Amino acid sequence: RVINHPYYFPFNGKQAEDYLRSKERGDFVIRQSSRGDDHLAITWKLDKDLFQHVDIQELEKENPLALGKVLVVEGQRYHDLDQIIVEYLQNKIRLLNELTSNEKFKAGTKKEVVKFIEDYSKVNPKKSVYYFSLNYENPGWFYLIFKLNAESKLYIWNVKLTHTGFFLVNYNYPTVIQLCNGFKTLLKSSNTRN
């Protein structure tokens, strides 16, 4: 099949990661999808050795080898690859940077952030604390690690980066501020939220 786009190469996933390894956060390629001929894929770089592969489903192809008139990414329809780059990918990159730039974002591993929170709770036994960190084994996820006070357990919740915001439990929170507010609401019993 023929795809006329500046960032299209018929790589597989591994080739794509090797190609992007020396690039920067947000750099990407459009590529061949593993199995099928009505699929394409985008691989993009989130961080050092951290890449996400995004599937594109085609609809309304004139024939097996033709580019679909409608392209679907994570449940959303788009007209073409350039629209996906502007409305889907650039958004996801925006949101990734919004979260990692936050004062409550911690670089470092799950274990490191858990230890930071344990230690902090030791010193401030009455103060709640929470941090976000990158899930390095499941690209595109974040940990939300928190502890209410010294008498309570440390917990780990999970946040998924989407093109519309940060998915936590129920909603796709469109900003980091709304995400933290939503987290705080989810800490309350259901009958004392509103």
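Residues numbered from 1 in each chain as written, not as in the entry; some residues may be left out. Heavy atoms only, no water.

**So, the packing of aromatic side chains**
Short version of the rule: For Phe, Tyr and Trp, where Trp contributes only its six-membered ring, two rings pair if their centres lie within 6.5 Å, and the inter-plane angle classes them as stacked under 30 degrees, edge-to-face over 60, or tilted in between. The criterion is that NZ of a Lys, or CZ of an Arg, lies within 6 Å of the ring centre and within 35 degrees of the ring normal, and then a charge sits over that ring.
Applying the stated criterion across every chain yields a total of 13 aromatic pairs. One aromatic cluster in this structure is built from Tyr130, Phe132, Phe146, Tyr155, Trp157 and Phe183. Directly above the ring of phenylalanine 116 sits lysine 106, whose terminal nitrogen or CZ lies 4.3 Å from the centroid. Note that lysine 106 overlies the ring of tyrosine 131, its terminal NZ or CZ placed 5.0 Å from the centroid.

**Re unusual backbone geometry**
Of all residues except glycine, most have a negative phi; of all peptide bonds, most are trans. Just so we agree on the cut-off: Numbering of helices and strands runs from the N terminus, with a helix taken as a DSSP run of H or I at least four residues long and a strand as a DSSP run of E at least two residues long.
Phi is positive for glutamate 60, which is not a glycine, with a value near 55°. One can find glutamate 60 in the loop between β4 (50-59) and β5 (70-73). Here the phi dihedral of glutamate 74 falls at roughly 45°; this positive angle occurs in a residue that is not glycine. Looking at the element boundaries, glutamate 74 is found in the loop between β5 and β6 (76-78).

**Quick notes on the domain arrangement of the protein**
Spelled out, the test is: Domain delimitation follows an automatic or database domain assignment. Whether two residues are in contact is decided by their heavy atoms: any pair within 4.5 Å suffices. What gets called buried area is simply the loss in accessible area from a 1.4 Å probe that two parts show on being joined, summed for both. The term salt bridge refers to a side-chain nitrogen of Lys or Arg lying within 4 Å of a carboxyl oxygen of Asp or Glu. For this scheme, ten residues count as nonpolar: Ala, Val, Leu, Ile, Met, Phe, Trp, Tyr, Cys and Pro. Four count as charged, namely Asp, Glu, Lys and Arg, and the remainder, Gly too, count as polar.
With domains assigned, the protein is organised as domain 1 (1-97) and domain 2 (98-194). If you look at the interface, domain 1 gives 18 residues, while domain 2 gives 18 residues. Together, the buried faces of domain 1 and domain 2 total about 1,300 Å²; carbon and sulfur atoms form 59% of this surface. Ranking the residues of domain 1 by area buried against domain 2 places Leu50, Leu95 and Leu96 at the top, with a combined share of 40%. At the junction of domain 1 with domain 2, the criterion picks out one salt bridge. Where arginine 94 meets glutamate 98, a salt bridge forms, and the shortest distance between an N and an O atom there is 3.9 Å. The set of elements that each furnish at least two residues to the side of domain 1 that touches domain 2 consists of β3 (39-47), β4, β6 and α2 (81-100). Of all the elements, α2 adds the most residues to the side of domain 1 that touches domain 2, at eight residues. Residue composition of the side of domain 1 that touches domain 2, by class: eight nonpolar, four polar and six charged.

**Some words on the sheet that holds β4**
What counts is decided by this rule: We call two strands paired when DSSP finds no fewer than two bridges between them. Note on method: axes are straight lines fitted to C-alpha atoms, helices fitted across the in-contact stretch only, with angles between N-to-C directions ranging 0 to 180 degrees.
The strand order across the open sheet built from six strands is β1-β2-β3-β4-β5-β6, with neighbouring strands paired in mixed fashion. With partners counted over all chains shown, the strands left at the sheet margins are β1 (8-9) and β6, one partner each. Relative to β4, β3 runs antiparallel, the two being bridged by eight bridges. Looking at β4, one finds that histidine 39 is bridged to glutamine 57. Across the sheet, α2 touches β2 (28-32), β3, β4, β5 and β6, and the angle it forms with β3 is around 25°.

**So, α2**
Here is the rule: Each helix should span, by expectation, one fewer than its residue count multiplied by 1.5 Å. Values of bend correspond, residue by residue, to the angle between axes fitted over the seven residues ending at that residue and the seven starting there. For each residue, the accessible area found with a 1.4 Å probe, counting protein chains only, is set against the maximum for its type, and the residue is called buried under 20%, exposed over 50%, and partly exposed in between. Here a polar contact is taken to be a pair of N or O atoms separated by no more than 3.5 Å, where protein atoms must pair a possible hydrogen donor with a possible acceptor and residues adjacent in sequence count only if both atoms sit in side chains.
Here α2 is 20 residues long and its end C-alpha atoms lie 27 Å apart, about the 28 Å a rise of 1.5 Å per residue gives. Of all the bends found along α2, the most pronounced is centred on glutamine 90 and spans about 30°. Of the positions making up α2, those classed as buried are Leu81, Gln83, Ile84, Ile85, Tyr88, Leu89, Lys92, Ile93, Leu95, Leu96, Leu99 and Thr100. Backbone nitrogen of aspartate 82 and a side-chain oxygen of the N-cap are separated by 3.2 Å at the start of α2; the cap is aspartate 80.

**Describing helix α4 (residues 176-186)**
In an α-helix, one full turn covers 3.6 residues, which means residues spaced three or four apart are oriented alike. This is how it is decided: Starting at the helix axis, one direction is taken to each C-beta atom, and the arc is that of these directions.
Of the residues making up α4, those classed as buried are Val176, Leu179, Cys180, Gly182, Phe183 and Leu186. Looking straight down α4, one finds that the buried residues subtend no more than 160° of arc, so they occupy a single side. The inward-facing, buried residues of α4 abut α2, β8 (129-134), β9 (141-147), β10 (154-161), β11 (166-168) and β12 (171-173).

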